[PDB]
Every structure is written in structure tokens, then in C-alpha cells.
Chemist: 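Below are the C-alpha cells for one structure; questions will follow.
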Amino acid sequence: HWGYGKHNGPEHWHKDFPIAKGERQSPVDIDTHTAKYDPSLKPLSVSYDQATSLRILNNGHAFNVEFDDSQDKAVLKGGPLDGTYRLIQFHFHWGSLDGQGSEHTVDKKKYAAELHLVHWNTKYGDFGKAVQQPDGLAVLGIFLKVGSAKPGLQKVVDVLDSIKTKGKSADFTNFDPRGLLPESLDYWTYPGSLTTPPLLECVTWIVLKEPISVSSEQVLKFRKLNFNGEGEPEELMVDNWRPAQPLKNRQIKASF
Ligand SMILES: [Hg+2]
Ligand SMILES: [Hg+2]
Ligand SMILES: [Zn+2]
């Protein structure tokens, strides 16, 4: 099935998911000189004090940290959004080398990794219903550069051993996502899509301007994961990123 190799890679996705060549595909290169300052855009409202993480699972293309979204416990509001979006899960995209790994680029610059905090619009009732709407999801994108260690990420780094291969999961309670936010909440926003099949065009992207730094050894542990299931030939989970797509008819707005 789809993956990130030379034979089932992003360049092949269109065959099984024609939307791959759609009008609002993600990710994109953020041209900073062309982005438009929009003064009508409100500050982002991140309310994660009551977040309930549940588990971590290796789904064969990334590792997701899943949260309880049966109530308005960890929500996103404000910015270019309308209403309340509940956090369902967070995951990352990383490279084989520190010079690549992010999906979005800034003036063509690529970061070592990119974090995506996935949220769904509560007037649609469930995640499944949300993906069929134009304003169904909100994804908060955070870049990672290699430098100093990020204290708040080590709990995630330490459990990776436990979910090495596809289909493994581990209890992952009391993880606070607040430890992954940069100091500033300045962002860029545009209408896009999921970056993995089914590539549904139901996402409002919010990409923070300020990256968080992680140590070389923290990113190293990400690179130890496997795309393959247990007892299969080992294939390192590396370069699970989709390259930039054409902006086409869209405008990228800046909150600053
Ligand atoms: Hg997958
Ligand atoms: Hg949609
Ligand atoms: Zn993602």
C-alpha cells in the first residue's frame, strides 16, 4: 500500500488518491515576503491544561500520541478559526539526516522535523464527520531544529522502544502537550489538506513561526522506529514527509 519508498512514495499516491493533485494540497513552501499580514486575525487560543493523553501507537507511517476527545478538554480556538477544535492526536515527520524532515518549508528552508497537533471541529460531532467538511480540521504545525534538548519531549523519546514496529501501542497517560510549544504563538495560516492519504482537503493549517529545538540524540531515537511490523524485514522509519505542493489559488496570511 502507500508509504514513503521509491515504489509507494508521494509521487505515486495520486493513482489511489486522485485528490493528490487537488487545488488545496499540503504541505507548501511559505514564501515570507509574499505572505500577507492580516490584522483581523486574532491570537491563537491554546487551552491544554486539561489534556488527557491515553496512548502511543506506531501506525506504520508515524507514531501518534492519542488523547481523549470525548469532551472539550484540550482545545484550540481563535486565530483564523471559528468555534472549538478538540485535540485528537499529535505526531511528527522527520528525516534521515538533520538537513531535512519537515513537510512545510520557510523560504525553502527545511527543518529536521515537524510536529502536527491534530484537532477537529466540534460542530461536526466526531472526527470521521469532520474530515468531510471544508473547515473540519485544524492542524498546528511546529518545526524542530537540532540544538539543545527539549525537556518536554523526553517522555515520548523514552517509550519509543516499546512501539518499535507497526501495530504496537503502549499506555501513555499524563503527558502534557504544553511542554512542546515554543514561547511565541505568531503563525502563518492557509487552507490545505492532510499530508498523508487520504489527503482530504479539510484542513486549516496554523504553522508557528518559532521552531522548538531538540538534541541530536532525541531525533536519533525517532530514526530507530520501523515502518514494518514485527518479524518482518527491518525498514527504518525515516523520511516520512511529503514534499511541498503548488500553492495554486491560495493566499498564506501572517498573524505578525
Ligand atoms: Hg500507515
Ligand atoms: Hg473537506
Ligand atoms: Zn502530519
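Position 1 is the first residue of the sequence, and the numbers go up from there.
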Chemist: Report whether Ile56 and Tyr48 are members of the same hydrophobic cluster (ILVMFWY, side-chain heavy atoms less than 4.5 Å apart, transitive linking).
Modeler: yes
Chemist: Taking the six-membered ring for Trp, are the ring centroids of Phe92 and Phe222 within less than 6.0 Å of each other?
Modeler: yes
Chemist: Is the distance between the ring centroids of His7 and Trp2 under 6.0 Å?
Modeler: no
Chemist: Verify ring-ring contact (aromatic ring centres under 6.0 Å, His included) between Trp13 and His1, making sure each step is shown before the conclusion.
Modeler: CA-CA 9 Å; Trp13 296 350; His1 259 278; over 10 Å; no
Chemist: Given the ring of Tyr111, does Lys109 sit roughly above its face, with NZ or CZ under 6.0 Å from the centre of the six-membered ring and within 45° of the axis?
Modeler: yes
Chemist: List the atom of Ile163, the atom of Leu225, and the distance in Å for their closest heavy-atom pair.
Modeler: O-CD1, 4.1 Å
Chemist: Please report the shortest heavy-atom distance between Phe17 and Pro197, naming the atom on each side.
Modeler: CE1-CB, 3.5 Å
Chemist: For a salt bridge (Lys or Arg N to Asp or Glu O under 4.0 Å) check, start with the C-alpha distance between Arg178 and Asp176, then their side-chain angles and the critical distance, and finish with the verdict.
Modeler: CA-CA 5 Å; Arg178 289 185 289 178; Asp176 177 2; 2.7 Å; yes
Chemist: Quick one: does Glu103's side chain have a donor or acceptor within less than 3.5 Å of a partner on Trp241's backbone?
Modeler: no
Chemist: With no hydrogens and no angle check, is any side-chain donor or acceptor of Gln245 less than 3.5 Å from a backbone partner on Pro243?
Modeler: yes
Chemist: Locate the shortest heavy-atom distance separating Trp188 from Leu208; write the atom from each residue and the value.
Modeler: CZ3-O, 4.1 Å
Chemist: Using distance only, find each side-chain donor-acceptor pair of residues 150-157 under 3.5 Å and give its atom names and separation, not counting sequence neighbours.
Modeler:
residue : atom : partner : partner atom : Å
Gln154  : OE1  : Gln218  : NE2          : 3.0
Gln154  : NE2  : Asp158  : OD1          : 3.0
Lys155  : NZ   : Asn174  : O            : 3.1

Chemist: Can we call the ring centroids of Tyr190 and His104 under 6.0 Å apart?
Modeler: yes
Chemist: Distance check, rounded to the nearest 0.5 Å: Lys248 atom NZ versus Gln25 atom CD?
Modeler: 7.5 Å
Chemist: Please list, chain by chain and in numerical order, all residues satisfying side-chain contact (heavy atoms from CB on, under 4.5 Å) with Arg223, sequence neighbours excluded.
Modeler: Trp94, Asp98, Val219, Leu220, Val238
Chemist: Before you tell me yes or no, could you show the steps for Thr32 and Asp107 under side chain to side chain donor-acceptor pair (under 3.5 Å), namely the whole-Å CA-CA distance, both residues' side-chain angles and the distance that decides it to 0.1 Å?
Modeler: CA-CA 6 Å; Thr32 70; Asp107 287 336; 2.6 Å; yes
Chemist: Grab the two heavy atoms, one from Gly192 and one from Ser26, that are nearest each other, plus how far apart they are.
Modeler: CA-OG, 3.3 Å
Chemist: If you draw the axis of the six-membered ring of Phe256, does the NZ or CZ of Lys209 fall within 45° of it and under 6.0 Å from the ring centre?
Modeler: yes
Chemist: To the nearest 0.5 Å, what is the distance between CG on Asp239 and OH on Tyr4?
Modeler: 10.5 Å
Chemist: Is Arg242 paired with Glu11 through a side-chain N to carboxylate O contact shorter than 4.0 Å?
Modeler: no
